[PDB]
Amino acid sequence: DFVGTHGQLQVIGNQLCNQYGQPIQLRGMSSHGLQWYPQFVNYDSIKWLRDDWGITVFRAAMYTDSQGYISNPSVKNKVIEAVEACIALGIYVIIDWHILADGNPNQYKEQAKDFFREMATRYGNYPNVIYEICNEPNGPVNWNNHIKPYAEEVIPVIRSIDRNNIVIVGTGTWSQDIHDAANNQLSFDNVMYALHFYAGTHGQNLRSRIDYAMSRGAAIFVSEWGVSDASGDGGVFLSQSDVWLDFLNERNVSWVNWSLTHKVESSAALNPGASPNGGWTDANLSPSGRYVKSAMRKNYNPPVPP
């Protein structure tokens, strides 16, 4: 019962902490698009990731555009299923308003308010829940006059129901521009800024940005990363993945791998034919999957309650 041990999460300075104010790192897996690969998101597969890999957080990627929530709102049911599974299993869950093709978060801001208002009404009293209000802002979309104003409209709605659970806020250039966010941070409490990286693409320059942002007091959550290049394909970069995870582990920065699906691409955790309900043998895991399972509990020492 990981949530039973660590309870309510909170941000102190630049660090995510547990209910006793102890720095804590989460690690886990992201679903792919719930409108495209829902069959891998269920109580069975999440329990297996808990028991066999040792994840402590699971991310439900609910695309808004690209046949997702806006055009097919029944995908909301997969979010409800993932959240209720994680409450039953005692792990944390990220509810991800997964913008991408809709690179400006303000495009569906009214629908985001209504959606997060219902999620907080349903689950805001559970410590498991983490809100991620805009996956990857991208394009000609900036912190100071697009993302920050969006966040200042959505978060008061969440906080009007759920006073304390963590909100992760995406940053510019597909959640790379955490230095803009760090130089002009949100006033709310218990907020973190998202940093996304891919080991085939991003290197020491982006790692330096994490140190710059944390030095200004900003808390950073790696809510999506892959072993591939940033297209999600292009082979697997395990040596580079090792430097990134060691760097993040050293700094207690939480991380969530992309993605739990059998799509035929380097970042996918599962080979075609892997069961939708977990129990995967090594033959069922892709190279990325085998590596991420190995990394999930490497050098993982969560705090001991007082």
Side-chain angles (χ1 to χ4, degrees), residues 1-11 15-19 22-32 34 40-62 78-98 119-120 123-124 126-133 135 162 164-170 175 190-197 219-226 244-245 248-249 251-261 269 278 289 292-303:
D1 201 0
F2 196 73
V3 170
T5 295
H6 297 289
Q8 182 68 40
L9 298 182
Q10 55 193 317
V11 173
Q15 248 309 123
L16 178 62
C17 298
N18 71 1
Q19 67 182 323
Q22 307 173 294
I24 194 184
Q25 184 199 35
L26 304 186
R27 309 180 177 182
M29 276 315 287
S30 181
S31 86
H32 205 286
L34 296 178
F40 296 107
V41 181
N42 55 73
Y43 172 87
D44 281 350
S45 61
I46 296 160
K47 178 172 162 41
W48 174 256
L49 287 169
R50 187 192 67 167
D51 297 341
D52 190 57
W53 295 30
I55 71 161
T56 52
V57 64
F58 185 87
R59 177 185 192 237
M62 174 185 96
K78 293 306 295 188
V79 173
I80 281 161
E81 182 181 358
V83 165
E84 296 197 356
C86 292
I87 288 164
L89 295 162
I91 63 177
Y92 296 98
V93 54
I94 297 161
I95 300 173
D96 166 27
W97 183 259
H98 196 94
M119 286 312 113
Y123 310 117
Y126 293 92
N128 311 64
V129 171
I130 295 159
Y131 307 99
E132 181 174 10
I133 61 169
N135 170 50
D162 181 346
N164 48 11
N165 278 326
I166 303 295
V167 173
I168 297 169
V169 181
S175 291
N190 287 358
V191 302
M192 312 180 70
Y193 308 96
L195 186 282
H196 294 182
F197 76 88
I220 304 299
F221 197 115
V222 174
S223 53
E224 197 194 290
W225 74 272
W244 266 105
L245 294 189
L248 298 174
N249 289 351
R251 281 144 187 89
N252 237 40
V253 175
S254 298
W255 53 258
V256 171
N257 181 252
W258 176 275
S259 64
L260 195 75
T261 183
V292 178
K293 180 179 153 163
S294 184
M296 191 68 57
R297 282 280 165 157
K298 229 151 243 204
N299 297 337
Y300 196 33
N301 310 295

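The chain is numbered in sequence order, starting from 1. Basis for what follows: all heavy atoms, side chains included, without hydrogens, waters or symmetry-related copies.
A heavy-atom distance below 4.5 Å is found between the side chains of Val167 and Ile133. Residues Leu248 and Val222 are in side-chain contact: their nearest non-hydrogen atoms beyond the backbone lie under 4.5 Å apart. The side-chain heavy atoms of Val11 and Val191, taken from C-beta on, include no pair separated by under 4.5 Å. Looking at heavy atoms from C-beta onward, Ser223 lies in side-chain contact with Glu132 at the 4.5 angstrom threshold. In this structure, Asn164 and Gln10 have side chains that are not in contact, with every pair of non-hydrogen atoms separated by 4.5 Å or more. By the 4.5 Å heavy-atom criterion applied to side chains, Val93 and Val57 are not counted as neighbours. Side chains of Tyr126 and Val83 form no contact here, defined as non-hydrogen atoms less than 4.5 Å apart. Counting only heavy atoms from C-beta outward, the side chains of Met296 and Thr56 never approach each other to under 4.5 Å.
Between the side chains of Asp96 and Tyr131, no donor-acceptor pair of N or O atoms lies under 3.5 Å. A donor-acceptor pair shorter than 3.5 Å can be found between the side chains of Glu84 and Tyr123. Using modelled atom types, one finds a donor on one side chain and an acceptor on the other under 3.5 Å when comparing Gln25 with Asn249. In this structure, a donor-acceptor pair under 3.5 Å is present between the side chains of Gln8 and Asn165. When only modelled atom types and interatomic distance are considered, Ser175 and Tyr193 share no side-chain donor-acceptor pair under 3.5 Å.
Of the possible donor and acceptor atoms, none in the side chain of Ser31 sits under 3.5 Å from a partner among the backbone N and O of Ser259. When atom types are taken as modelled, the side chain of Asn190 and the backbone of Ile166 share no donor-acceptor pair closer than 3.5 angstrom. Although no hydrogens or angles enter the test, the distance criterion places a donor-acceptor pair under 3.5 Å between the side chain of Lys78 and the main chain of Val41. Within the 3.5 Å criterion, the main-chain N or O of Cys86 finds no donor-acceptor partner in the side chain of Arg50. With hydrogens and angles disregarded, a donor-acceptor distance shorter than 3.5 Å links the side chain of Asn128 to the backbone of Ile91. Judged by distance alone, the side chain of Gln19 and the main-chain N or O of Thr5 form a donor-acceptor pair under 3.5 Å. In this structure, the side chain of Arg59 does not engage the main chain of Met29 through any donor-acceptor pair within 3.5 Å.
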- Message: Run the side-chain contact (heavy atoms from CB on, under 4.5 Å) test on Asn135 and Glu224 for me, step by step, so that the C-alpha distance in whole Å, both residues' side-chain angles and the decisive distance to 0.1 Å come before the verdict.
- Response: CA-CA 9 Å; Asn135 170 50; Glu224 197 194 290; 3.5 Å; yes
- Message: Pair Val129, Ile95 - check side-chain contact (heavy atoms from CB on, under 4.5 Å), show working.
- Response: CA-CA 7 Å; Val129 171; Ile95 300 173; 3.8 Å; yes
- Task: Please report the C-alpha distance between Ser254 and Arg27 in whole Å, then the side-chain angles of each, then the deciding distance to 0.1 Å, and finally whether the side-chain contact (heavy atoms from CB on, under 4.5 Å) criterion is met.
- Result: CA-CA 6 Å; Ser254 298; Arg27 309 180 177 182; over 6 Å; no
- Item | Worked verdict on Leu89 versus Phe2 for side-chain contact (heavy atoms from CB on, under 4.5 Å) | CA-CA 9 Å; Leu89 295 162; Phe2 196 73; over 6 Å; no
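We find the CZ-CG distance between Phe40 and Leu34 to be 12.5 Å, quoted to the nearest 0.5 Å. Note that CG of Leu49 is 7.0 Å distant from CZ of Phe58, once rounded to the nearest 0.5 Å. With rounding to the nearest 0.5 Å, the separation of CD in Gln15 from CE in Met192 is 7.0 Å. Between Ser45 atom OG and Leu260 atom CG the span is 6.0 Å, to the nearest 0.5 Å. Atoms CG and CD1, from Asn252 and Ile220 in turn, are 14.0 Å apart once rounded to the nearest 0.5 Å.
Of the residues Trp255, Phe197, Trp225, the one that meets the ring-ring contact (aromatic ring centres under 6.0 Å, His included) test with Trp244 is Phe197.
The 12-atom threshold is not exceeded at CG of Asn299, counting heavy atoms of other residues, nucleotides or ligands nearer than 6.0 Å.
Closest approach of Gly226 and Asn257 over heavy atoms only: CA-ND2, 3.9 Å. In this structure, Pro127 and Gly7 approach most closely via the heavy-atom pair CB-C, 3.7 Å. Residues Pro302 and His6 approach most closely at CB-NE2, 4.0 Å, considering heavy atoms. Closest of all the heavy-atom pairs between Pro303 and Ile24 is CD-CG1, 3.8 Å. Closest approach of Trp53 and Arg297 over heavy atoms only: O-CG, 3.7 Å. Closest non-hydrogen pair, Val256 versus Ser30, comes out as CG1-N, 3.5 Å.
Close placement of the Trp258 and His32 rings is indicated, their centers lying within 6.0 Å of each other.
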